[PDB]
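The structure under discussion appears below in the form of structure tokens.
Note that these values count all heavy atoms, side chains included, but never hydrogens, waters or copies made by symmetry. For ligands, and for the atoms within them, numbers begin at 1 and follow the listed sequence. Residue numbers begin at 1 in each chain, while the letters A, B, ... track the order of the sequences.
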2 protein chains.
Amino acid sequence: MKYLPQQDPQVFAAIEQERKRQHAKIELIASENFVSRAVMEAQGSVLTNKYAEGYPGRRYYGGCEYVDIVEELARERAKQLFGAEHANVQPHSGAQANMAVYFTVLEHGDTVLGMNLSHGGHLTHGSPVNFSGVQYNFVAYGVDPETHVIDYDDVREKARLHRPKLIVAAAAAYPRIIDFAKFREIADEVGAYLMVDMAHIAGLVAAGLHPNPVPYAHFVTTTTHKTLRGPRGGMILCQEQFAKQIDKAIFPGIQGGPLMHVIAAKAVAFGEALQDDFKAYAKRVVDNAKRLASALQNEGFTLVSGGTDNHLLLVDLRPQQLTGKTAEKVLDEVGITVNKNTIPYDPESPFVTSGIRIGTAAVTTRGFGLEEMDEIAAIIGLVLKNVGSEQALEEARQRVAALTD
Amino acid sequence: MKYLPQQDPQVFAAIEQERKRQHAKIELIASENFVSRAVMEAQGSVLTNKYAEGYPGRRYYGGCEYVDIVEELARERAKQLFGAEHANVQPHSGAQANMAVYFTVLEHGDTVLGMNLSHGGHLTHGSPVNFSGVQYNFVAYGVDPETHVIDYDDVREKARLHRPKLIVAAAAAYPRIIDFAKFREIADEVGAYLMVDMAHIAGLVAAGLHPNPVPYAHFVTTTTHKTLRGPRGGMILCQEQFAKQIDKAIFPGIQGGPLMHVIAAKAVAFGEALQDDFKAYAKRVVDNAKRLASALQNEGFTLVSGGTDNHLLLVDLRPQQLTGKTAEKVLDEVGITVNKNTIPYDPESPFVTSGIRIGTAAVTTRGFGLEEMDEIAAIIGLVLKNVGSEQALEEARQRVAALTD
Ligand SMILES: *Cc1c(COP(=O)(O)O)cnc(C)c1O
Ligand SMILES: *Cc1c(COP(=O)(O)O)cnc(C)c1O
């Protein structure tokens, strides 16, 4: 940076602390990643100066010729990446992408069926403190108590009983492949739309390492960040038949001016994802997750669903008589970043929990591989089996430092 | 830029076109501005990598120590700038700031009283194609047919007849000072909350050149861009008594993860606004607007309300037998950027209009002063009085080029 250090020492000092923190810590929060310098440059551009309400070639303001090129690059690259008929790259966030889809097909108080929040569902899939749970009548399907895999007969029964207008598939904390064909079959049986919220797995979908929801879903929502490794923001994919309605839902429906600089950064990220090396990256993410899962089991940890098919895993800490909160806290002391997370049928509140969620997208971006997964698992074992030993925690701290340099 | 040109030639070429366009054109769109290099650097930072759902010291994820410093810098600087008891700097946009306030105090179908959209009100103040008009029962107050100033007796009568839960004051296209004391008096009479949407005038408020709504309003919403000259995004100000509810409305209410890099940029912009030179800038904005208004009247143009108290003016084109659409188009041909805009009691649709809206915030940032205002007015006169003369348009084009170098 050149101008920020002189103009705002306080803000610069804090940013520099954060940059150094990002390097020093082992980031295992499953939603996190590190974007490229090109992506950052794009959103640090003069495009922040441009109002561009509307869509390419159909804007409310003049002078949009070049931001139109940028937005269409984003849309076309997204369509190639996911094989979708339409893309809307304007959502400010994953939350706003979902909000727009809900606004498109639902009336206030309509019934929606989503994944149980305590089993892996997202806040925006019907939390009573979120707009989704307040505005619409959410009901939940669950995972099997033993296998922790989505119970598709429960999805079907809930759908047939409650007759939802919309079914939501997709999760914030589900370690297995989701069967979108079955979701669509159930949706078809009850005459409901299917929305897939692929935020966590979008990068894996792009790389062909998770089944693509696009052919099965009426609407697909996603973050552009997370496994897709893009700038912070949202996106909606859908068939041509819903394009006009979806576009109107985003604007003038729920948003105002789009963030054109962030949209530029989205284009950059989609460009990166189209490359062969991104596919190699995404395979390492999945390989690393399997390896880490196996290595954690080797340490004696129990994993929700017995492993992982994707970038993320959930440790059930009950065998160690630990809460997620306790584990999260002690790992923070040694430089490993995780988050506490409810496990299916958790006896604890969502604020304490019996689990920690772990993902490999961030460490993989940093170039970590299988050997590093083994060591990460060994450090976690050392820490969680010795929570009262400062000597053990110091050893862990040093081993974490050795990994990050 | 260093990395973007190599990684993504297509995106870079388009960004460069936009940057050159921003320099070449005379930007008179009233909502537009040019942010500092420091602001851009802040939002081009690694803070995009951090999930920070929640609030400073009360986050859902670990590792937020430094983004907490950034967010608190934003909040504290906003509070000093506007004398507010609480700030929420997380809204993704002006639309989301409004959405959050509505979510805080209103139930689905509650009555809200806002400014007539065709008289200066914003889309998010009850358009039937916007969430506001769909989710809530909006009624409108108008401006006087002759003076084009808000008719405060009409505000009062509408309030007393319709008994709104919330009254909204603030505008996208109103050239005069708004009397917030009168709005609060009316709100008090009918037991309604008062929300002031100060997006357009926030920079002028910060500089003490427009009365501050903060002491009179329960809630104040704003963009961080526009006259405040910050990054693209939103903000809410309110008294301590609504702080917890407002914060919950933003998260987990309507948004997910905040844009921490944009919040850093907000802090930078607020820092800039706190400086003496920003106050000088804002006075030049207002001075320039008056001068431009006077110079346009000298050219024979009629202005809505007969002039301006702020950064913006509206030309009533009916005396010239021109629509806003026609004027917008021909000005685009010579390098002057305006937008068509409905005038109060417009005989034309909002898609054709009888007016153009003009603001001075952008040209003032570029260092334009009174002499430039005279010339801009003279060029507009030349163009709009000679719409069928290619020679006149070429002269205008050359004169525009002389202004921008
Ligand atoms: C992360 C996530 C979201 C929310 O995205 P934000 O950008 O944080 O608003 C929504 N749904 C799912 C499944 C997610 O994983
Ligand atoms: C610009 C504006 C908005 C919307 O802000 P976005 O960032 O475009 O969503 C809302 N209200 C008023 C009065 C505005 O001027």
Query raised in the report: Which ligand 2 atoms, with their elements, are less than 4.0 angstrom from a heavy-atom of B:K226?
Result: 1 (C), 2 (C), 3 (C), 14 (C), 15 (O)
Requested in this report: For B:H200, counting its heavy atoms only, list the atoms of ligand 2 lying under 4.0 Å from any of them.
Outcome: 15 (O)
Report summary line: One finds that the ligand 1 atoms under 4.0 Å from a non-hydrogen atom of A:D197 are 10 (C), 11 (N), 12 (C), 13 (C)
Query raised in the report: For ligand 2, which atoms, with element, lie under 4.0 Å from some heavy atom of B:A199?
Result: 2 (C), 12 (C), 13 (C), 14 (C), 15 (O)
Query raised in the report: Which ligand 2 atoms are under 4.0 Å away from a heavy-atom of B:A95?
Result: 4 (C), 5 (O), 6 (P), 9 (O)
Query raised in the report: Hey, would you say the A:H210 and A:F180 ring centroids sit under 6.0 Å apart?
Result: yes
Report task. Compute the shortest N/O to N/O distance between B:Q255 and ligand 1 and return yes if it is under 3.5 Å, no if not. Result -> no
Report task. May I ask you to decide if B:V89's main-chain N or O and B:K266's side chain share a donor-acceptor pair within less than 3.5 Å? Result -> yes
**Report entry** B:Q255 (side chain) donor-acceptor with B:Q90 (main chain) under 3.5 angstrom
**Finding:** yes
Query raised in the report: What about the rings of B:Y60 and B:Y55, do their centers lie closer together than 6.0 Å?
Result: no
**Report entry** Output field: ring centroids B:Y51/A:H225 closer than 6.0 Å
**Finding:** yes
**Report entry** Residues A:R232, A:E32; criterion salt bridge (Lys or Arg N to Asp or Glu O under 4.0 Å); working and verdict
**Finding:** CA-CA 10 Å; A:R232 202 158 286 272; A:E32 300 288 51; 3.6 Å; yes
Query - Pair A:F219 + A:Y102: ring centers closer than 6.0 Å - result: no
Query raised in the report: Quick check: does A:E53 get an N/O under 3.5 Å from an N/O on ligand 2?
Result: no
Report summary line: Note: B:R232, heavy atoms under 4.0 Å from ligand 2, region reported as neither
Query raised in the report: Which ligand 2 atoms, with their elements, are less than 4.0 angstrom from a heavy-atom of B:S93?
Result: 7 (O), 9 (O)
Requested in this report: Provide the number and element of each atom of ligand 1 under 4.0 Å from a heavy atom of B:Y51.
Outcome: 1 (C), 5 (O), 6 (P), 7 (O), 8 (O)
Report task. With rounding to the nearest 0.5 Å, note down the distance linking OG1 in B:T104 to CG in B:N88. Result -> 9.0 Å
Report task. Pick one of side chain, backbone, both or neither for how B:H225 approaches ligand 2, counting any non-hydrogen atom pair under 4.0 Å. Result -> side chain
**Report entry** Sub-3.5 Å N/O-N/O distance, A:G257 and ligand 2
**Finding:** yes
Query - A:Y136 OH: over 12 foreign heavy atoms closer than 6.0 Å - result: yes
Report task. Just jot down the ligand 2 atoms closer than 4.0 angstrom to any heavy atom of B:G94, in number order. Result -> 4 (C), 5 (O), 6 (P), 7 (O), 9 (O)
**Report entry** Under 4.0 Å to a heavy atom of A:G256 - the qualifying atoms of ligand 2, by number
**Finding:** 8 (O), 9 (O)
Query - B:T223: numbered ligand 2 atoms lying under 4.0 Å from its heavy atoms - result: 1 (C), 5 (O), 7 (O)
**Report entry** B:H92 heavy atom under 4.0 Å from ligand 2
**Finding:** no
Query raised in the report: Taking atom types as modelled, is there a side-chain donor on B:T365 or B:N33 under 3.5 Å from an acceptor on the other?
Result: yes
